[PDB]
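Structural overview
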Amino acid sequence: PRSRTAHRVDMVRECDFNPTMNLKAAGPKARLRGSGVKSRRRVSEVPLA
Amino acid sequence: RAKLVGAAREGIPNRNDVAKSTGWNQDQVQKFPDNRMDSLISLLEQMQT
Amino acid sequence: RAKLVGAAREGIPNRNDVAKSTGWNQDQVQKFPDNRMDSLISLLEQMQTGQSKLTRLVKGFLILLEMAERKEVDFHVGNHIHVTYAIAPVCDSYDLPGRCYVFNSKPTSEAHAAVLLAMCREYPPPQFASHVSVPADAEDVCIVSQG
Amino acid sequence: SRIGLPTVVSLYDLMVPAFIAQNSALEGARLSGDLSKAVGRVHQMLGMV
């Protein structure tokens, strides 16, 4: 098994994408509420959440 | 109720819909400083889930 | 909305249509001096046409990668500010040329009111110009915020 | 002295909210740390062609 040393791989960079529509899903919002108890949204971000 | 949720939330246009749907003081909803608008919209439309 | 435009604009007859359609203060629309009528009619019926902002987002996405791969940048917030949707401030705001309006949905924290603001003026001073020099659109930025 | 994208920021609508939101397809373009530059580096290289 042991022959040569080092080398290895540098993983390539790629973008991310989604299901295409404007409105927010009910599950992801309702389920986000189940963990925390904040009145307004800490971080101050709705879409990125 | 049908007045609150709609299909999806709106930027509260008519304050007469607020008076009948979910509270007292049609006077105290008529006068409401231009500061708690962001709080009230974030309040009312996070009660569905 | 159907209440605002109609087929073509009308000389605003019923003020009850204004209360439901586009703002708060049914009290402050009831009382409104017989002077801002010409301003309000000229305001509301010139909002149907005129909407395009490709270069607005360009300055935001340019500043995105300016502090995305390059590390965090702490900066200040320098702006003028509008208050409401269909009240005296929004009527008084319309006056004067070269005034850009950026609506803040949730102006609770400083983050959103800082990024949209710095995006607008020239190219955020003083953050190393380097590559690009975007033209400053009508300077004197005026954001719309509830808080 | 490029005159690429023309949009003299005429922004009368953001002054007046309560405007019906247009439901359309989303881009969802995620500017990955390294890839975001590379996309532009291909465009300028395509621009030469």
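cryo-EM is the method the PDB entry lists for this structure, together with a resolution of 4.1 Å.

It is worth spelling out the overall build of chain B at this point. In terms of regular secondary structure, chain B is built from four helices and zero strands. When the helices and strands of chain B are placed in sequence order, the string is α-α-α-α. Judged by the C-alpha coordinates and their principal axes, chain B covers about 25 × 20 × 15 Å. Scored against the burial criterion, the 49 residues of chain B give a buried share of 29%. Surface exposure of chain B reaches about 3500 Å², of which carbon and sulfur atoms provide 54%. Mean positive and mean negative side-chain charge positions of chain B (7 and 6 charges, respectively) differ by 5 Å.

A word on the overall build of chain C. A tally of helices and strands in chain C yields seven helices and four strands. Projected onto its principal axes, the C-alpha positions of chain C cover 55 × 30 × 25 Å. The buried share of chain C, taken over its 147 residues, is 39%. Counted over contacts in chain C with a minimum sequence separation of 6, partners at least 24 positions apart contribute 76%. Across chain C, 15 positive and 17 negative side-chain charges occur, with their mean positions spaced 5 Å apart.

The subject of this paragraph is the interface of chain B and chain A. If you look at the interface, chain B gives four residues, while chain A gives six residues. Here chain B meets chain A over a buried area of about 500 Å², counting both sides, of which 46% is carbon and sulfur. When the area that chain B buries against chain A is broken down by residue, the three leading residues are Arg9(B), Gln46(B) and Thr49(B), summing to 88%. At the junction of chain B and chain A, the tally comes to zero salt bridges. Counting the contacts that link chain B with chain A gives one residue pair in polar contact. Here the residues of the side of chain B that touches chain A are counted per class, giving no nonpolar, three polar and one charged.

Take helix α4 (residues 37–44) of chain C next. Every α-helix carries 3.6 residues per turn, so stepping three or four residues along brings you back to the same face. All names here are of chain C. Among the residues making up α4, those that are buried are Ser-39, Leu-40, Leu-43 and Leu-44. When α4 is viewed along its axis, its buried side chains cluster within an angular range of 115° and face the same direction. Those residues of α4 that are buried are in contact with α1 (2–5) and α6 (88–93).

We now examine the pattern of salt bridges. Tallying each qualifying case throughout the model produces eight salt bridges over all chains. Residue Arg1(C) is joined to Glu10(B) by a salt bridge in which the shortest nitrogen-to-oxygen separation is 3.2 Å. Note that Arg1(C) is positioned in the segment before α1 and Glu10(B) in the loop between α1 (2–5) and α2 (16–22), a pairing that runs across two chains. Here the salt bridges do not stand alone but share partners, grouping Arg56(C), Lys59(C) and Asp137(C) into one network.

Residue and element names in this part refer to chain D. With respect to the secondary-structure elements, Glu-27 resides in the loop between β1 (10–11) and α1 (35–48). Residue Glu-27 is classed as exposed on the basis of its relative accessible area, which comes to 56%. Linking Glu-27 and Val-9, residues 18 residues apart in sequence, is a C-alpha distance of 22 Å.

This part is about the interface of chain C and chain D. Listed by partner, the interface residues are 28 residues for chain C and 19 residues for chain D. For the chain C and chain D pair, buried surface summed over both sides reaches about 2300 Å², with 71% attributable to carbon and sulfur atoms. The three residues of chain C that bury the most area against chain D are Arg1(C), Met47(C) and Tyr101(C), which together make up 25% of that side's buried surface. Joining chain C to chain D, the criterion identifies two salt bridges. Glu69(C) serves as the salt-bridge partner of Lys37(D), at 3.3 Å between the closest nitrogen and oxygen. At the junction of chain C and chain D, the tally comes to five residue pairs in polar contact. Those elements that provide at least two residues to the side of chain C that touches chain D are α2 (16–22), β1 (51–52), α5 (54–66), α6 and β3 (101–103) of chain C. Examining the composition of the side of chain C that touches chain D, we find that seven residues originate from one element, α5(C), more than from any other. Across the side of chain C that touches chain D, the residue classes tally to 12 nonpolar, 11 polar and five charged. One ladder, built from two bridges, connects β1(C) with β1(D); its direction is antiparallel. By the bridge assignment, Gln51(C) is partnered in β1(D) with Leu11(D).

Parameters at a glance
- Residues numbered from 1 in each chain as written, not as in the entry; some residues may be left out.
- Chains lettered and ligands numbered in written order.
- Part of a larger assembly, values for the part shown.
- Heavy atoms only, no water.
- Helix = DSSP H or I, 4+ residues; strand = E, 2+ residues; numbered from the N terminus.
- Buried < 20%, exposed > 50% of the residue type's maximum accessible area, 1.4 Å probe, protein only.
- Areas by Shrake-Rupley, 256 points an atom, 1.4 Å probe, with all protein chains shown as cover.
- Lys, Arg positive; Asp, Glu negative; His and termini not counted.
- Charge placed at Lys NZ, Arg CZ, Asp CG, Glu CD.
- Contact = heavy atoms within 4.5 Å.
- Buried area = accessible area lost by both parts, 1.4 Å probe.
- Salt bridge = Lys/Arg side-chain N within 4 Å of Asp/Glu carboxyl O.
- Polar contact = N/O pair within 3.5 Å; in protein donor to acceptor, adjacent residues only side chain to side chain.
- Nonpolar A, V, L, I, M, F, W, Y, C, P; charged D, E, K, R; others polar.
- Arc of directions from axis to C-beta.
- Pairing = 2+ DSSP bridges.

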